[PDB]
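Asker: I am attaching a structure below and will ask some questions about it afterwards.
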Amino acid sequence: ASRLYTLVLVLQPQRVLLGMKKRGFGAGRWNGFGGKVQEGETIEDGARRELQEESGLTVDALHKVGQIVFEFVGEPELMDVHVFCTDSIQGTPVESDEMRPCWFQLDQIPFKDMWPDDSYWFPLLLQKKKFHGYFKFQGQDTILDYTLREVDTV
Ligand SMILES: C[C@]12Cc3c[nH]nc3C[C@@H]1CC[C@@H]1[C@@H]2CC[C@@]2(C)[C@H]1CC[C@]2(C)O
């Protein structure tokens, strides 16, 4: 009862690209670029596709940095999110109907307007750590329970 997703962070030496979700689910929060993995696609190829489709960037190399399971109490399906990083991109971000991209300096990451779990694992991603996490939510705002650990192998 777990569904595969990817989440990709475009991370350069002193800045990160985030996209504000403009409409629909999770609207009003900044996030990386993510989506469902397709039948017949590897997780990595899904991550590349989601990044390119949502941001307009071309990614040349991607690195897996974490895996986070999300549970919403009462909802049967878990989200098994595979998190990736890249700093080897081409092109410029494209604003769309769905997504407004902005670059952020690392000291100005907008955690108050992100999913609350990000406050826990983003610092690990920024420090080039790898991790395994689990977050149990009640609705979209409240973390009931979590675990997070650093790993050498995702
Ligand atoms: C993985 C997300 C995004 C996120 C960033 N930091 N933390 C999170 C957790 C959050 C958990 C819910 C996910 C949501 C992604 C969009 C999902 C899968 C949504 C469920 C349905 C939808 C819109 O497809």
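Going through the structure tokens in order, the chains are called A, B, and so on, while each chain numbers its residues from 1 and the ligands are numbered from 1 in the order shown.
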Could you give me, as a list in words, the residues within 9 Å of range 71-77 of chain A, counting only C-alpha atoms and dropping anything in the same chain fewer than 3 positions from it?
Answerer: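 Those residues are residues 1, 2, 3, 134, 135, 136, 137, 138, 139 and 140 of chain A.
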Asker: Just the strand (DSSP E) stuff from chain A, please, per backbone DSSP, written as a VMD selection string.
Answerer: chain A and resid 2 to 12 15 to 21 30 to 31 33 to 36 58 to 72 78 to 90 99 to 105 130 to 138 142 to 151
Asker: When DSSP works through the backbone of this structure, what residues of range 15-148 of chain A end up as helix (DSSP H, G or I), shown as a ChimeraX atom specification?
Answerer: /A:43-55,106-108,111-113,118-126
Asker: Convert the current residue selection to file output with N, CA, C and O atoms, as an mmCIF file, in the first residue's frame.
Answerer:
```cif
data_model
loop_
_atom_site.group_PDB
_atom_site.id
_atom_site.type_symbol
_atom_site.label_atom_id
_atom_site.label_comp_id
_atom_site.auth_asym_id
_atom_site.auth_seq_id
_atom_site.Cartn_x
_atom_site.Cartn_y
_atom_site.Cartn_z
ATOM 1 N N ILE A 43 12.772 4.673 -11.208
ATOM 2 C CA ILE A 43 12.621 5.809 -10.306
ATOM 3 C C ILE A 43 13.472 6.990 -10.797
ATOM 4 O O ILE A 43 12.994 8.116 -10.877
ATOM 5 N N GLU A 44 14.724 6.731 -11.170
ATOM 6 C CA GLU A 44 15.623 7.787 -11.616
ATOM 7 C C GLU A 44 15.100 8.443 -12.893
ATOM 8 O O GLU A 44 15.208 9.666 -13.057
ATOM 9 N N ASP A 45 14.607 7.656 -13.845
ATOM 10 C CA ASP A 45 14.092 8.244 -15.053
ATOM 11 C C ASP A 45 12.833 9.063 -14.760
ATOM 12 O O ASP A 45 12.621 10.102 -15.380
ATOM 13 N N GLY A 46 12.006 8.603 -13.820
ATOM 14 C CA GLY A 46 10.847 9.362 -13.375
ATOM 15 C C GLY A 46 11.244 10.717 -12.791
ATOM 16 O O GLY A 46 10.609 11.734 -13.101
ATOM 17 N N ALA A 47 12.317 10.693 -11.986
ATOM 18 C CA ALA A 47 12.794 11.932 -11.356
ATOM 19 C C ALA A 47 13.252 12.930 -12.423
ATOM 20 O O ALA A 47 12.867 14.112 -12.427
ATOM 21 N N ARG A 48 13.989 12.427 -13.410
ATOM 22 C CA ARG A 48 14.457 13.274 -14.489
ATOM 23 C C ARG A 48 13.281 13.863 -15.275
ATOM 24 O O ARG A 48 13.215 15.055 -15.563
ATOM 25 N N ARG A 49 12.319 13.008 -15.617
ATOM 26 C CA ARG A 49 11.160 13.452 -16.366
ATOM 27 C C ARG A 49 10.376 14.517 -15.587
ATOM 28 O O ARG A 49 9.971 15.520 -16.195
ATOM 29 N N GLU A 50 10.069 14.259 -14.304
ATOM 30 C CA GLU A 50 9.268 15.173 -13.479
ATOM 31 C C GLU A 50 9.959 16.536 -13.407
ATOM 32 O O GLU A 50 9.350 17.597 -13.575
ATOM 33 N N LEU A 51 11.274 16.520 -13.170
ATOM 34 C CA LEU A 51 12.036 17.748 -13.093
ATOM 35 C C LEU A 51 11.914 18.533 -14.396
ATOM 36 O O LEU A 51 11.639 19.731 -14.377
ATOM 37 N N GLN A 52 12.131 17.855 -15.527
ATOM 38 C CA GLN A 52 12.173 18.520 -16.803
ATOM 39 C C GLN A 52 10.771 19.032 -17.125
ATOM 40 O O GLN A 52 10.595 20.162 -17.556
ATOM 41 N N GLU A 53 9.731 18.195 -16.904
ATOM 42 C CA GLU A 53 8.366 18.570 -17.260
ATOM 43 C C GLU A 53 7.851 19.740 -16.423
ATOM 44 O O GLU A 53 7.219 20.674 -16.957
ATOM 45 N N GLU A 54 8.222 19.760 -15.130
ATOM 46 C CA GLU A 54 7.651 20.744 -14.235
ATOM 47 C C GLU A 54 8.427 22.065 -14.212
ATOM 48 O O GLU A 54 7.817 23.126 -14.038
ATOM 49 N N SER A 55 9.760 21.983 -14.336
ATOM 50 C CA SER A 55 10.601 23.157 -14.174
ATOM 51 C C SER A 55 11.043 23.776 -15.486
ATOM 52 O O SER A 55 11.428 24.943 -15.472
ATOM 53 N N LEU A 106 20.725 29.995 0.384
ATOM 54 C CA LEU A 106 20.538 28.919 1.338
ATOM 55 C C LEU A 106 20.121 29.457 2.717
ATOM 56 O O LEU A 106 19.351 28.799 3.423
ATOM 57 N N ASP A 107 20.451 30.699 3.057
ATOM 58 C CA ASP A 107 20.073 31.231 4.363
ATOM 59 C C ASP A 107 18.669 31.802 4.374
ATOM 60 O O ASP A 107 18.242 32.300 5.414
ATOM 61 N N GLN A 108 17.967 31.740 3.244
ATOM 62 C CA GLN A 108 16.664 32.354 3.095
ATOM 63 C C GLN A 108 15.687 31.323 2.551
ATOM 64 O O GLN A 108 14.659 31.663 1.973
ATOM 65 N N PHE A 111 11.108 28.089 4.881
ATOM 66 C CA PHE A 111 10.553 26.948 5.594
ATOM 67 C C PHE A 111 9.130 27.169 6.117
ATOM 68 O O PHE A 111 8.358 26.218 6.164
ATOM 69 N N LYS A 112 8.777 28.411 6.511
ATOM 70 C CA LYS A 112 7.439 28.676 7.020
ATOM 71 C C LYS A 112 6.371 28.484 5.941
ATOM 72 O O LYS A 112 5.226 28.255 6.242
ATOM 73 N N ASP A 113 6.760 28.507 4.651
ATOM 74 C CA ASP A 113 5.842 28.336 3.513
ATOM 75 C C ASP A 113 6.226 27.080 2.721
ATOM 76 O O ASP A 113 6.005 27.019 1.511
ATOM 77 N N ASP A 118 10.012 19.483 5.786
ATOM 78 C CA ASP A 118 11.216 19.955 5.103
ATOM 79 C C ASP A 118 12.221 20.561 6.083
ATOM 80 O O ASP A 118 13.427 20.494 5.840
ATOM 81 N N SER A 119 11.724 21.158 7.160
ATOM 82 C CA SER A 119 12.574 21.762 8.184
ATOM 83 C C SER A 119 13.535 20.731 8.803
ATOM 84 O O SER A 119 14.603 21.079 9.300
ATOM 85 N N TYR A 120 13.133 19.458 8.802
ATOM 86 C CA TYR A 120 13.911 18.366 9.359
ATOM 87 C C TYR A 120 14.940 17.842 8.358
ATOM 88 O O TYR A 120 16.098 17.652 8.727
ATOM 89 N N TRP A 121 14.532 17.537 7.118
ATOM 90 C CA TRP A 121 15.436 16.851 6.206
ATOM 91 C C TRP A 121 16.182 17.770 5.229
ATOM 92 O O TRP A 121 17.232 17.404 4.730
ATOM 93 N N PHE A 122 15.662 18.954 4.929
ATOM 94 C CA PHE A 122 16.361 19.826 4.002
ATOM 95 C C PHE A 122 17.774 20.140 4.483
ATOM 96 O O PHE A 122 18.705 20.186 3.656
ATOM 97 N N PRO A 123 18.012 20.413 5.788
ATOM 98 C CA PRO A 123 19.376 20.684 6.243
ATOM 99 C C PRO A 123 20.323 19.530 5.959
ATOM 100 O O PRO A 123 21.480 19.742 5.657
ATOM 101 N N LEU A 124 19.816 18.289 6.015
ATOM 102 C CA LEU A 124 20.636 17.135 5.673
ATOM 103 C C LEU A 124 20.984 17.146 4.191
ATOM 104 O O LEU A 124 22.141 16.934 3.783
ATOM 105 N N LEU A 125 19.983 17.398 3.336
ATOM 106 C CA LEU A 125 20.233 17.458 1.893
ATOM 107 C C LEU A 125 21.274 18.531 1.574
ATOM 108 O O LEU A 125 22.176 18.261 0.786
ATOM 109 N N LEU A 126 21.181 19.689 2.222
ATOM 110 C CA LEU A 126 22.075 20.799 1.935
ATOM 111 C C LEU A 126 23.527 20.490 2.330
ATOM 112 O O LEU A 126 24.442 21.036 1.711
#
```
Asker: Name the residues in contact with residue 13 in chain A at a cut-off of 12 Å, using only C-alpha atoms, excluding same-chain residues fewer than 5 positions from it; report them as a list in words.
Answerer: residues 86, 87, 88, 103, 104, 105, 106, 126, 127 and 128 of chain A
Asker: Let's have the selection written as a PDB file, in the first residue's frame, with N, CA, C and O atoms.
Answerer:
```
ATOM      1  N   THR A  86      20.343  17.616  -7.927  1.00  0.00           N
ATOM      2  CA  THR A  86      21.236  17.830  -9.050  1.00  0.00           C
ATOM      3  C   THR A  86      21.816  19.235  -8.952  1.00  0.00           C
ATOM      4  O   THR A  86      21.099  20.164  -8.565  1.00  0.00           O
ATOM      5  N   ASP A  87      23.047  19.414  -9.439  1.00  0.00           N
ATOM      6  CA  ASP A  87      23.595  20.740  -9.645  1.00  0.00           C
ATOM      7  C   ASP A  87      24.126  20.832 -11.067  1.00  0.00           C
ATOM      8  O   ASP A  87      24.949  21.717 -11.349  1.00  0.00           O
ATOM      9  N   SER A  88      23.705  19.892 -11.932  1.00  0.00           N
ATOM     10  CA  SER A  88      24.219  19.835 -13.300  1.00  0.00           C
ATOM     11  C   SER A  88      23.027  19.841 -14.235  1.00  0.00           C
ATOM     12  O   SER A  88      22.363  18.822 -14.459  1.00  0.00           O
ATOM     13  N   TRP A 103      14.754  31.103  -7.299  1.00  0.00           N
ATOM     14  CA  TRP A 103      15.959  30.750  -6.592  1.00  0.00           C
ATOM     15  C   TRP A 103      15.979  31.374  -5.214  1.00  0.00           C
ATOM     16  O   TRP A 103      15.587  32.527  -5.003  1.00  0.00           O
ATOM     17  N   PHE A 104      16.522  30.604  -4.278  1.00  0.00           N
ATOM     18  CA  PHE A 104      16.694  31.033  -2.895  1.00  0.00           C
ATOM     19  C   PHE A 104      18.130  30.864  -2.442  1.00  0.00           C
ATOM     20  O   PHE A 104      18.719  29.816  -2.622  1.00  0.00           O
ATOM     21  N   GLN A 105      18.631  31.908  -1.795  1.00  0.00           N
ATOM     22  CA  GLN A 105      19.890  31.754  -1.097  1.00  0.00           C
ATOM     23  C   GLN A 105      19.682  30.747   0.038  1.00  0.00           C
ATOM     24  O   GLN A 105      18.595  30.628   0.607  1.00  0.00           O
ATOM     25  N   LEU A 106      20.725  29.995   0.384  1.00  0.00           N
ATOM     26  CA  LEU A 106      20.538  28.919   1.338  1.00  0.00           C
ATOM     27  C   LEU A 106      20.121  29.457   2.717  1.00  0.00           C
ATOM     28  O   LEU A 106      19.351  28.799   3.423  1.00  0.00           O
ATOM     29  N   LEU A 126      21.181  19.689   2.222  1.00  0.00           N
ATOM     30  CA  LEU A 126      22.075  20.799   1.935  1.00  0.00           C
ATOM     31  C   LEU A 126      23.527  20.490   2.330  1.00  0.00           C
ATOM     32  O   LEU A 126      24.442  21.036   1.711  1.00  0.00           O
ATOM     33  N   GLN A 127      23.713  19.612   3.339  1.00  0.00           N
ATOM     34  CA  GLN A 127      25.015  19.220   3.873  1.00  0.00           C
ATOM     35  C   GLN A 127      25.533  17.965   3.170  1.00  0.00           C
ATOM     36  O   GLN A 127      26.553  17.369   3.539  1.00  0.00           O
ATOM     37  N   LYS A 128      24.876  17.593   2.079  1.00  0.00           N
ATOM     38  CA  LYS A 128      25.274  16.442   1.283  1.00  0.00           C
ATOM     39  C   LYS A 128      25.219  15.147   2.097  1.00  0.00           C
ATOM     40  O   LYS A 128      25.978  14.213   1.830  1.00  0.00           O
TER      41      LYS A 128
END
```
Asker: Contacts of residue 68 in chain A at 7 Å or less, counting only C-alpha atoms, minus same-chain residues fewer than 4 places along, as a list in words?
Answerer: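 Listing them by chain and then by number gives residues 80, 81, 82, 132, 133 and 134 of chain A.
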Asker: Which residues are near residue 20 in chain A? Cut-off 12 Å, only C-alpha atoms, ignore same chain within fewer than 4 positions. Put them as an NGL selection string.
Answerer: :A and (24-33 or 54-55 or 95-103 or 110 or 113-115)
Asker: Could you save the residues just selected, with C-alpha atoms, as a short mmCIF file (atom, residue, chain, number, x, y, z; two decimals), in the first residue's frame?
Answerer:
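Listing of out.cif after writing:
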```
data_model
loop_
_atom_site.label_atom_id
_atom_site.label_comp_id
_atom_site.auth_asym_id
_atom_site.auth_seq_id
_atom_site.Cartn_x
_atom_site.Cartn_y
_atom_site.Cartn_z
CA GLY A 24 -4.56 22.45 -6.99
CA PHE A 25 -3.12 20.26 -4.29
CA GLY A 26 -0.57 21.70 -1.82
CA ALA A 27 -1.02 25.10 -3.47
CA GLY A 28 0.70 27.89 -1.66
CA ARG A 29 3.79 25.98 -0.62
CA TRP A 30 7.31 26.06 -2.09
CA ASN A 31 8.72 22.67 -3.00
CA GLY A 32 11.09 20.75 -5.20
CA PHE A 33 9.84 19.16 -8.41
CA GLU A 54 7.65 20.74 -14.24
CA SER A 55 10.60 23.16 -14.17
CA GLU A 95 6.98 29.60 -15.02
CA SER A 96 3.76 27.82 -15.91
CA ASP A 97 0.10 27.71 -14.86
CA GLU A 98 1.05 25.17 -12.22
CA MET A 99 4.37 26.38 -10.92
CA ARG A 100 6.24 29.62 -10.12
CA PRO A 101 10.02 28.99 -9.80
CA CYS A 102 12.37 31.12 -7.75
CA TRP A 103 15.96 30.75 -6.59
CA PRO A 110 11.26 29.73 3.10
CA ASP A 113 5.84 28.34 3.51
CA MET A 114 7.03 24.75 2.86
CA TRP A 115 5.78 21.36 4.01
#
```
Asker: When you count only C-alpha atoms and all ligand atoms, which of these residues is closest to ligand 1: A:130, A:36, A:63, A:21?
Answerer: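 Smallest distance to ligand 1 is found for A:36.
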Asker: Report, in Å to a single decimal, how far apart CA of residue 67 in chain A and CA of residue 148 in chain A are.
Answerer: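 These two atoms are separated by 9.9 Å.
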Asker: Of the residues A:17, A:141, A:61, A:94, which is the one nearest to ligand 1, using only C-alpha atoms and all ligand atoms?
Answerer: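 Going through A:17, A:141, A:61, A:94 one by one, the smallest distance to ligand 1 is for A:141.
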Asker: What does the distance between CA of residue 66 in chain A and CA of residue 151 in chain A come to in Å, to one decimal place?
Answerer: 8.6 Å
Asker: Mind giving me the straight-line distance from CA of residue 9 in chain A to atom 10 (C, counted along the ligand's line) of ligand 1 in Å, one decimal?
Answerer: 14.0 Å
Asker: Which residue is closest to ligand 1? Choose from A:56, A:93, A:40, A:34 and count only C-alpha atoms and all ligand atoms.
Answerer: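 Among the listed residues, A:34 lies closest to ligand 1.
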Asker: Determine the nearest neighbour of residue 70 in chain A from the options A:154, A:35, A:117, A:10, counting only C-alpha atoms.
Answerer: A:117
